[PDB]
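First, one chain by itself: the form deposited in one PDB entry, in structure tokens.
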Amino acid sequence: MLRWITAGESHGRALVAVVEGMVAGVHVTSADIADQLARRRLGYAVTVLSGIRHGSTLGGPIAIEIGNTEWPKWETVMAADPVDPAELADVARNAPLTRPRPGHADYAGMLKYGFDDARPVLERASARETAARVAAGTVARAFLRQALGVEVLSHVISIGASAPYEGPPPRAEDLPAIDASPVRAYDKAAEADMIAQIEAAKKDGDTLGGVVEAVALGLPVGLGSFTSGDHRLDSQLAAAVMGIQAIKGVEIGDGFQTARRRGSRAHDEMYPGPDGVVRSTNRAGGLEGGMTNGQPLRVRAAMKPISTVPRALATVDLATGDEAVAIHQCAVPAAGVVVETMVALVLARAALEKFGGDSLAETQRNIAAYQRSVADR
């Protein structure tokens, strides 16, 4: 049973991702992880410490370290061990952060943990942590591809007030074009609209959020279950995606728009096919009653504008109780990449749950046999 953990402060020495429960024999390398970390940097130092040998998973815990290049600047302010308080009071960088940014973990985090300073909160809350997620996600990704022939990608639906691209989702062969787009858009018209919204926001010195859609292709029928709320795959995906920094909404398939349609036009009808049932629409986004139906999985995430707009947001100085202005510390296309990663981690877990196995070869045997059994129906 797959588990993943991230660790690290934004300005700490390094980030760590640990993945536990991954079967032995999955091919994945430092380079794969770096490639995926590079994809996270798209939009307008990796060390594998354990669990992988000669590019193949060992079956034990996989620990992946991501170095922080800025560490020399932070090694006193973010030092693990005590530092002379007199030497530290002379360090401008160590100044108190007492003006919580609206929209961020600052205020609630300070109160919750009894902090006088927001620094310990933002260091961990920061979306720099998503880099560790992506390191972990790459392992799930390699597993999904090699065990199931499953591919995970994403594309941006809207940024700011752009008109949502509601056409067909991309396939895996479209990923280079998507990744090459400044807004990771699949649709050229939608692309132009989004770039325009960004240009105008940039000019106004403002910030934007957006909507992104992860797509997983090639899934077998029956991952997740209808047996309880927690086992529904959409429940698990929603947790994994909503828990991403700045995400305020999650949809499966046509999501909130489904809730505005009539039953006669809301669902995906089934028809006879050569190698099983075929559907002509995918309004469900590949999930029905908590399980994969074989159609492309579509998961959409709504990201709020996350970058603090300079001198726009009133706040309070918790030190004084006086009015203040939040001092700043779009990322929509990268959010799409992070969503891919969380979707992959969840899918990989659900796959190991149904197909079991301790090595890829074993898991592959069980998959094959389940597929043969379904075909023989």
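Only residues modelled in both forms are compared. So that the term is clear: the rigid core is the largest set of C-alpha atoms that superpose within 1.5 Å between two forms. Throughout, we count residues from 1 along the sequence that is shown.
Although not depicted, the form deposited in another entry is the subject of the following passage.
Taking the core as reference between this form and the one not shown, the lone member of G205, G229, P182, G167 whose Cα moves by 2 Å or more is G167.
Note on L175 and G255: their C-alpha atoms are more widely spaced in that other deposited form, a change of at least 3 Å from this conformation. In that other deposited form, the CA atoms of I66 and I178 come closer by at least 3 angstroms compared with the shown structure. Core-superposed comparison between this form and the one not shown places the only run of three or more consecutive residues whose CA atoms all shift by 2 angstroms or more at 167 to 179.
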